[PDB]
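Written below as structure tokens is the structure these notes are about.
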Amino acid sequence: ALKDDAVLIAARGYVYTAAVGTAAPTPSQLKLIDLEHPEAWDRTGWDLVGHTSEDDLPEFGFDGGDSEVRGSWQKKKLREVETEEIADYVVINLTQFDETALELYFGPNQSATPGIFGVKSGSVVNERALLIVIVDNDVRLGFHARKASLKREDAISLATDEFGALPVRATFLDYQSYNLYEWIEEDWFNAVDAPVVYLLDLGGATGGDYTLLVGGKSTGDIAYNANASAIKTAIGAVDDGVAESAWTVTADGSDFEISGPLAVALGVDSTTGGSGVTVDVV
Amino acid sequence: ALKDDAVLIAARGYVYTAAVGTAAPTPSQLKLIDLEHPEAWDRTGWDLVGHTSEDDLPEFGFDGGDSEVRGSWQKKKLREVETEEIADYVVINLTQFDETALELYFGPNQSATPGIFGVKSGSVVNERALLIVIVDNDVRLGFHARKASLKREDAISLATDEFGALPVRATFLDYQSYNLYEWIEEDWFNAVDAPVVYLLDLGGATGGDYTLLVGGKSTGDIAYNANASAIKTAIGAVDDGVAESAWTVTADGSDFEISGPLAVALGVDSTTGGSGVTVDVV
Amino acid sequence: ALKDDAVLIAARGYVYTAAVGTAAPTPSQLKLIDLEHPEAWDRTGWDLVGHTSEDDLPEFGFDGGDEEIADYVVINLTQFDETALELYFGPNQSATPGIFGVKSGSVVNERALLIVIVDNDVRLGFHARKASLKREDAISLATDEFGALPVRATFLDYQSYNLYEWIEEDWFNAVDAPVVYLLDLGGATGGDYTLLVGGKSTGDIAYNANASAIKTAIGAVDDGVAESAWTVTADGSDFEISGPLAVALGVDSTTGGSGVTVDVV
Amino acid sequence: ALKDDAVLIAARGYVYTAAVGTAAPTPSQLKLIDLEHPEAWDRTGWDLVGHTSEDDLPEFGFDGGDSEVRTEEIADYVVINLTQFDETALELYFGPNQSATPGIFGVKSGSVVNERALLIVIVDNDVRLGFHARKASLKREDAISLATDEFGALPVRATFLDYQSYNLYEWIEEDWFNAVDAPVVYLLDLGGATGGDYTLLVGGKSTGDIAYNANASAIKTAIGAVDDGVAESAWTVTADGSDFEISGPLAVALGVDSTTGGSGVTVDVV
Amino acid sequence: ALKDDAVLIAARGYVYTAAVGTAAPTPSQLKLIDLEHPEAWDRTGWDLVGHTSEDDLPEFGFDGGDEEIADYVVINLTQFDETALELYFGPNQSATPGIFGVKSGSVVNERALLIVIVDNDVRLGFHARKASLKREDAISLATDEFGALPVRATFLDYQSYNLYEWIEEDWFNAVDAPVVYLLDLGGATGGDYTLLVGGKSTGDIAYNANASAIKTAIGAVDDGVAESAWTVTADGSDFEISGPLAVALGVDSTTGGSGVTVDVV
Amino acid sequence: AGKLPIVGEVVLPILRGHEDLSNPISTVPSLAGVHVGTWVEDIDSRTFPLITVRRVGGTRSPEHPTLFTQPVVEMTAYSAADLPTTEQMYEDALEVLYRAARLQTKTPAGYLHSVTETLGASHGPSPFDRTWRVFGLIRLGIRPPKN
Amino acid sequence: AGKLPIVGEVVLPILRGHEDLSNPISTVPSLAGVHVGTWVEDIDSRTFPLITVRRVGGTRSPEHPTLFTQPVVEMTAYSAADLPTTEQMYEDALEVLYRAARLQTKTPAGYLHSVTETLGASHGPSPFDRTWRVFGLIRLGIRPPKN
């Protein structure tokens with residue numbers, strides 16, 4: 001079907017790397033994190049690859065994919081066979097000459113000396129997890145590969161009125177039972193029917209001092225004499241990246257409907273009236 | 001990491017040669033030495049190759065590096081392997097025709113009569129250490145190879161309205177225990193990590209209040225006030241998703257060096273009753 | 001005949017060995033087992049051999065011709081683990097950690113062998129109760145391609161079993177039931193339609209025609225024996241047709257519906 | 001099954017020779033030795049054969065017979081393409097130098113006996129598959145090749161021979177062959193409860209002296225700093241409610257003990 | 001040991017012949033003689049064979065192995081005047097000016113043979129006291145490439161001399177001299193330096209350290225080898241180091257007349 | 001997706017620093033107090049400094065005309081102070097447009113997608129008594145306001 | 001690191017030979033006593049010889065707009081002496097820019113990174129009584145100051 005908000009014009013592309021197998025931000029975190037400071041994220045281990053030419057994007061590519069139709073002298077077309085299976089890659093033109101930019105291109109520094117970066121002869125093993133985030137509009141199509149081999153795509157480019165650049169090709173390789181790579185966007189892939197709601201029960205009103213965890217992070221605690229606005233302010237004050245304005249909470253007397261940008265569950269339970277005010281189900 | 005001052009545009013490139021194995025100037029000397037006069041500097045033995053053109057630079061390249069993805073009947077895309085050994089080189093267009101600039105291109109002259117340079121047929125061995133200094137404002141990214149084999153890259157260019165040129169290709173080779181080549185710059189390679197700090201400039205006891213952005217989101221209004229926890233817990237808890245324990249603020253004297261995972265800035269200053277809270281600068 | 005379904009490309013596959021006489025998974029298990037982890041099979045006893053070569057796949061050769069043939073398989077291994085050296089050199093002759101030792105002269109080396117060739121969800125299996133394992137030729141080594149240990153498995157008779165089985169539930173000893181074509185008229189509200197049989201059109205069939213009238217409308221020019229080569233039987237609103245020639249829709253001219261046939265091959 | 005870790009590319013490698021019967025480095029030394037300097041090893045007597053051609057790797061062939069009906073004798077060789085032309089490579093191709101004068105290498109008519117131990121180490125990004133033969137007989141495989149644009153080569157065939165009831169040849173790595181079910185953990189005794197000092201030995205050499213009361217980090221500092229190629233960080237150690245414990249890349253043994261009271265200290269492994 | 005300077009490219013070469021048993025230039029002459037003009041040599045008696053092809057350089061083949069080995073060289077001559085026809089056909093059997101005549105067969109044609117292979121500086125010689133020269137193959141002719149007369153020289157024993165000898169002063173029966181790394185302090189007047197030994201780093205060495213202080217800093221290096229293996233004798237402002245590993249400049253801080261030390265051997 | 005805006009409903013909130021369209025005085029700290037508009041007021045009303053942004057070309061994209069557009073805007077800075085202050089005020093306007101593009105800045109009317117110069121800052125004659133003009137052409141990309 | 005300046009804060013100290021922006025007469029040996037500035041003073045204050053620098057175009061660099069820019073300046077030399085002195089003075093000023101670029105000259109507002117003519121020393125009509133004029137366009141390139 002046609003979707004005017006799934007049409008994409010990549011405006012800027014951030015690129016991050018980490019040790020092999022490192023997990024990317026989940027689809028619901030990718031809408032809330034900032035892209036400029038990876039040391040702030042929940043998924044520690046990622047860091048920015050460096051500056052990239054800001055009129056250009058990470059250049060996807062492949063080689064192989066050479067495929068042709070085959071048959072028998074009875075029936076002339078019956079399969080298309082892929083003769084050389086697709087080897088899939090992305091090219092990244094760093095413009096930095098910092099050590100942490102050269103290590104993507106040359107592999108690890110071979111000298112201990114302050115102020116020198118040394119290169120040895122022969123091939124190097126150099127492979128990383130790779131996360132790319134492509135930004136347009138308020139969209140953030142992420143891309144994640146758990147293992148990519150990094151190699152020099154071409155020699156270092158220097159020019160008298162265009163920035164110096166050192167291009168790496170990251171080639172994707174499969175790793176354990178995981179996928180070759182994954183695209184990350186919560187609105188587009190495996191999407192639910194639009195609303196989700198959690199029903200916080202209230203029938204156990206003899207009560208106590210229970211609490212919620214929201215996206216895994218605690219709200220402190222809430223007393224049994226609860227109110228829809230009071231629990232919206234409690235949930236909306238969890239320090240997780242998203243404000244009280246994003247949450248919708250309403251009542252049907254015996255329970256509250258809770259809804260918003262993140263998962264909600266009960267943490268520590270404390271109540272006299274059995275399960276009746278410590279139930280939170282979808 | 002996204003450091004700006006490591007981004008390079010090559011303004012001009014000086015090229016020097018010496019007998020095989022000769023050491024380059026040290027990383028701290030490279031910031032002080034006078035590039036026009038290599039006979040004068042501490043690291044004796046280097047000389048300028050001649051007039052290279054003003055509008056182009058020593059051009060890096062490599063042969064080989066043809067690389068392929070391999071597997072097995074069980075598992076495809078197991079590892080990437082280099083099918084041809086990568087062979088780094090630099091091309092230099094000397095525009096100068098005296099004996100010292102022909103000797104790099106033809107090898108040593110095989111005639112001893114005054115006023116003649118003569119060449120024998122066939123191969124020649126013509127090998128030198130090579131130092132290139134690429135200059136950009138105060139950045140002086142050096143490049144050093146202890147042995148390079150220097151060969152004819154193309155025939156002598158002559159043109160009616162463009163300068164004549166002797167293009168040499170320097171190919172890098174292993175010389176005893178040393179690296180193949182080394183990049184030299186004291187501030188960039190093997191240097192200390194130098195973590196970012198943001199200077200909260202409040203000019204002492206003052207009337208009124210100001211605001212701070214943390215990660216691009218405003219905290220509340222801050223008056224002239226006590227430091228320590230009373231500023232750290234105003235920098236933290238901005239619905240930023242980062243706990244206060246990630247930040248530091250310290251007994252810094254007059255003006256305070258904020259640090260933590262997000263960037264910080266001022267939003268507005270209304271602290272009008274004296275010297276004010278005028279800057280936030282790194 | 002002409003099973004387009006049963007044309008094989010060996011796109012991926014696996015090789016297992018076990019003690020002599022070990023039974024392979026049954027044809028209905030082979031459709032369902034996990035090939036990476038033979039330790040988890042209900043038909044337990046099989047050890048997965050190392051990475052076999054990507055381009056030199058197993059060669060199912062034989063030596064004789066007319067004296068009597070011996071069947072073999074040549075398998076290129078591409079791994080230097082003990083699990084692969086044991087197939088090329090025979091059992092390890094040293095007990096010390098970190099060493100694999102070879103004695104001179106011939107050594108007896110016999111194992112059961114299972115090979116699975118996957119394509120896309122078909123999984124043709126091959127199984128031999130007893131193979132004798134030999135060095136095919138030299139260890140290959142190269143600077144730019146995986147080193148290889150090629151082994152010859154020669155099949156030997158064992159305890160009145162076959163030399164080898166080919167294992168696949170769909171293809172061997174199947175029921176061989178004939179194809180049937182479904183004349184799904186859809187809404188069928190009025191009008192006319194024509195089939196074509198072997199490429200020739202039937203010419204006229206009313207929307208309300210019964211199975212016998214359809215069986216008489218089939219029997220076009222160049223037919224098999226008109227009303228006894230062809231079986232037509234109703235179910236629901238529709239008819240299953242079968243006989244000696246292919247049947248297809250020629251021209252739907254009916255007054256309402258989403259189609260006029262759905263057809264087996 | 002399916003170690004992808006054990007798929008081998010022969011990216012670089014080194015060929016060595018020695019007098020017949022001489023031993024190669026053990027599986028736990030081969031991870032640590034410097035391949036370019038065989039005079040530095042614990043197993044003295046190896047010398048480097050010269051530069052060998054970058055494209056014709058060693059062929060581990062054989063010329064044995066084929067049988068399928070129920071005629072199968074076999075002999076094993078390896079062919080090495082030497083590319084140096086100085087004496088250390090000509091002695092493998094032609095046999096020993098039969099002229100005594102400086103600057104000349106001379107060869108006589110007929111066959112000559114030329115038997116050596118052979119070691120080959122094949123290297124792939126800190127994988128190091130070793131191969132060792134106690135006795136090989138060396139012969140000319142075919143002509144010396146000369147070319148205008150490519151290095152000349154002397155192809156020599158080493159044929160393996162039985163020797164003194166050792167194996168015909170052996171492949172070496174600690175991680176792949178006869179590998180341990182779990183990493184070895186040594187237990188260090190405390191039954192010598194009081195006073196004085198002791199000296200462990202690691203990989204066959206003394207730790208120096210260490211006191212009865214020593215902390216686990218002092219024990220780690222002692223075993224991690226004693227005359228062989230394993231770094232301070234290679235070892236992991238703990239002191240527990242009744243015993244001390246050591247783990248790492250080498251054999252550890254109780255050495256010599258001068259603990260003043262209790263049983264003295266003597267325990268092996270978990 | 002590994003010797004880069006002993007790897008051979010046959011970039012140019014020269015082939016000479018002479019009466020049976022004649023001696024070659026000695027190793028110390030072979031580096032100095034002029035190869036184009038063999039009548040000028042002090043070790044006189046050698047005639048230059050003329051041109052030999054650039055493709056198909058002479059190959060040092062053999063026949064036999066496992067019956068006894070017979071050694072040979074094939075030389076592809078490319079001149080067609082008398083000094084090259086005399087090797088392919090044997091001596092001229094006509095006396096008249098301008099004719100070279102060939103008799104029916106079985107000529108005897110023995111000569112001494114010397115080959116010099118010339119790299120950019122290395123000049124490996126090969127010498128045989130007696131060789132028997134024979135046709136290896138047909139005369140080649142082409143419209144666009146030089147014709148050739150390939151001759152098999154087969155080596156034969158003579159008066160208890162060797163079959164043949166390789167001649168090079170630097171390479172064969174040379175002195176066993178150990179590697180000796182210099183260590184030049186560069187006129188240092190303060191600070192420290194470190195040595196890389198193998199790939200490991202020493203601790204800090206002070207600019208004024210004596211030979212014993214260097215010995216105990218080169219040992220105790222998270223060692224491959226004991227202090228006892230290293231020799232570190234001074235000879236002036238410098239030290240000469242020898243031992244079982246490589247030694248290199250590492251990191252230094254010396255503040256004197258040169259801002260670095262150096263280790264160049 | 002909503003309709004594409006006129007270019008003034010996106011560029012002006014980026015240069016002013018607020019999305020109240022009724023108030024032309026900027027609050028962005030690098031050029032605060034500059035009057036930013038599309039049409040120069042009567043002499044009894046106008047105040048200097050002044051920035052004028054004026055549509056001078058640039059089509060919808062041919063790939064999808066209703067999804068992305070690339071207006072060309074002539075941007076002009078005026079002052080009564082001196083020529084250097086008029087240059088620095090134009091530079092301080094580029095430094096805001098390039099930052100607002102780097103973030104994909106949202107506005108009620110649309111998103112500023114990208115910014116590029118087709119003719120850089122240049123000095124010219126001014127139509128107003130004792131003032132200096134500096135001007136250039138920016139081509140800037142716009143996207144619909146979701147919804 | 002720093003911010004890119006208005007072009008006058010880079011080339012005027014380089015043509016003048018001093019970092020004092022308040023003192024418009026140059027002290028460079030080839031231009032001793034030439035007045036150098038963006039704007040021609042009133043007739044009661046003009047002195048000749050005179051050089052003027054005006055920005056005429058040239059963008060920020062498209063791939064890092066905050067890190068490099070290539071302003072085109074019109075440079076114009078005026079004299080009351082004669083036409084040869086005017087084109088000599090223009091060549092003697094252009095020789096200072098080509099040297100100051102080769103030396104990567106640091107100025108308190110930025111570095112002159114490169115120089116390139118795009119029209120050379122054209123003679124033209126002067127707007128001032130009894131004076132000669134020669135002019136050309138130079139595409140400069142400038143980098144922000146380190147901090």
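To be explicit about the labels: the chains of the structure tokens are called A, B, and onward in the order shown, and within each one the residues are counted from 1, while ligands get numbers from 1 in the order they are shown.
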
Discussion item. Can you work out which residues from chain F touch chain A at a cut-off of 10 Å (counting only C-alpha atoms) and hand them back as a count of residues only?
Written reply: 25

Worksheet item: Which parts of chain F does DSSP call strand (DSSP E) when run on the backbone here, written out as a PyMOL selection string?
Response: chain F and resi 35-37+50-57+72-79+106-107+110-124+132-143

Discussion item. Over all C-alpha pairs taken in order, what is the RMSD once chain E has been least-squares superposed onto chain C?
Written reply: 1.1 Å

Fill in: Polymer residues at most 10 Å from residue 27 of chain B, only C-alpha atoms, same-chain spacing of 2 or more positions, as JSON, numbers by chain
{"A": [113, 114, 115, 116], "B": [24, 25, 29, 30, 31, 32, 140, 141, 142, 183, 184, 185, 186, 187, 189]}

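Shell of segment 94-99 of chain E at 12 Å, with only C-alpha atoms counted and residues fewer than 3 places along the chain excluded, is residues 81, 82, 85, 90, 91, 102 and 103 of chain E.
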
With N, CA and C atoms retained, export the selected residues as a PDB file, in the first residue's frame.
ATOM      1  N   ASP E  81      75.796 -17.097 -36.386  1.00  0.00           N
ATOM      2  CA  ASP E  81      77.163 -17.181 -36.910  1.00  0.00           C
ATOM      3  C   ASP E  81      77.962 -18.320 -36.262  1.00  0.00           C
ATOM      4  N   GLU E  82      79.212 -18.504 -36.687  1.00  0.00           N
ATOM      5  CA  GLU E  82      79.976 -19.715 -36.403  1.00  0.00           C
ATOM      6  C   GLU E  82      80.132 -20.033 -34.918  1.00  0.00           C
ATOM      7  N   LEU E  85      76.714 -21.772 -34.043  1.00  0.00           N
ATOM      8  CA  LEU E  85      76.526 -23.031 -34.753  1.00  0.00           C
ATOM      9  C   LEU E  85      77.510 -24.101 -34.278  1.00  0.00           C
ATOM     10  N   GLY E  90      78.260 -29.007 -33.457  1.00  0.00           N
ATOM     11  CA  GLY E  90      79.669 -29.400 -33.349  1.00  0.00           C
ATOM     12  C   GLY E  90      80.563 -28.644 -34.339  1.00  0.00           C
ATOM     13  N   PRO E  91      81.873 -28.921 -34.380  1.00  0.00           N
ATOM     14  CA  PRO E  91      82.828 -28.190 -35.204  1.00  0.00           C
ATOM     15  C   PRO E  91      82.441 -28.098 -36.681  1.00  0.00           C
ATOM     16  N   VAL E 102      77.742 -29.687 -42.163  1.00  0.00           N
ATOM     17  CA  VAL E 102      77.384 -30.682 -41.144  1.00  0.00           C
ATOM     18  C   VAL E 102      77.487 -32.116 -41.680  1.00  0.00           C
ATOM     19  N   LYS E 103      78.268 -32.989 -41.035  1.00  0.00           N
ATOM     20  CA  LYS E 103      78.365 -34.427 -41.361  1.00  0.00           C
ATOM     21  C   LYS E 103      77.230 -35.246 -40.735  1.00  0.00           C
TER      22      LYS E 103
END

Which residues are close to residue 70 of chain A, i.e. within 7 Å by only C-alpha atoms, leaving aside same-chain residues fewer than 5 positions away? Reply as a PDB file with C-alpha atoms, in the first residue's frame.
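Output contents, as saved in selection_32.pdb:
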ATOM      1  CA  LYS A  77      12.514 -21.352 -17.884  1.00  0.00           C
ATOM      2  CA  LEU A  78      11.912 -22.830 -14.391  1.00  0.00           C
ATOM      3  CA  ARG A  79      14.415 -21.294 -11.870  1.00  0.00           C
ATOM      4  CA  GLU A  80      16.391 -18.100 -11.611  1.00  0.00           C
TER       5      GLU A  80
END

Worksheet item: Neighbours of residue 119 of chain C within 12 Å (only C-alpha atoms; same-chain residues fewer than 4 positions away dropped), as an NGL selection string?
Response: (:A and (81-82)) or (:B and (73-74)) or (:C and (5-14 or 123-125))

Can those selected residues be exported to a file as a compact mmCIF listing (two decimals), in the first residue's frame so that it contains N, CA and C atoms?
# COMPACT_ATOMS: atom_id res chain seq x y z
N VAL A 81 18.61 -18.75 -10.83
CA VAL A 81 19.63 -19.16 -9.87
C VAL A 81 20.63 -18.04 -9.66
N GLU A 82 20.97 -17.77 -8.40
CA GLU A 82 21.97 -16.78 -8.04
C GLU A 82 23.36 -17.41 -8.10
N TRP B 73 30.30 -25.09 2.49
CA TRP B 73 29.00 -25.62 2.11
C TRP B 73 27.97 -25.47 3.24
N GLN B 74 28.41 -25.58 4.50
CA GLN B 74 27.57 -25.37 5.67
C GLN B 74 27.15 -23.91 5.86
N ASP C 5 9.42 -29.57 -9.33
CA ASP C 5 9.64 -29.60 -7.88
C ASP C 5 10.92 -30.33 -7.43
N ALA C 6 11.44 -31.26 -8.23
CA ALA C 6 12.51 -32.21 -7.87
C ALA C 6 13.76 -32.06 -8.74
N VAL C 7 14.09 -30.83 -9.11
CA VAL C 7 15.35 -30.44 -9.76
C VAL C 7 16.23 -29.78 -8.71
N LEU C 8 17.44 -30.30 -8.48
CA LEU C 8 18.23 -29.97 -7.29
C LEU C 8 19.45 -29.09 -7.62
N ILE C 9 19.62 -27.96 -6.93
CA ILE C 9 20.91 -27.26 -6.81
C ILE C 9 21.44 -27.45 -5.39
N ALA C 10 22.71 -27.81 -5.23
CA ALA C 10 23.28 -28.15 -3.94
C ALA C 10 23.70 -26.91 -3.13
N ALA C 11 22.82 -25.91 -2.99
CA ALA C 11 23.19 -24.57 -2.54
C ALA C 11 23.90 -24.52 -1.18
N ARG C 12 23.48 -25.36 -0.24
CA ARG C 12 24.13 -25.63 1.05
C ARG C 12 23.93 -27.09 1.44
N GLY C 13 24.79 -27.62 2.28
CA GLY C 13 24.66 -28.99 2.77
C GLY C 13 25.50 -29.26 4.01
N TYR C 14 25.34 -30.44 4.61
CA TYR C 14 26.03 -30.81 5.84
C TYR C 14 26.50 -32.26 5.77
N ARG C 123 15.74 -30.63 1.42
CA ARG C 123 16.64 -31.52 2.19
C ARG C 123 16.72 -32.96 1.67
N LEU C 124 17.29 -33.19 0.49
CA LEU C 124 17.63 -34.55 0.07
C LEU C 124 18.74 -35.10 0.97
N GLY C 125 18.52 -36.22 1.64
CA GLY C 125 19.55 -36.90 2.43
C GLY C 125 20.22 -38.04 1.67
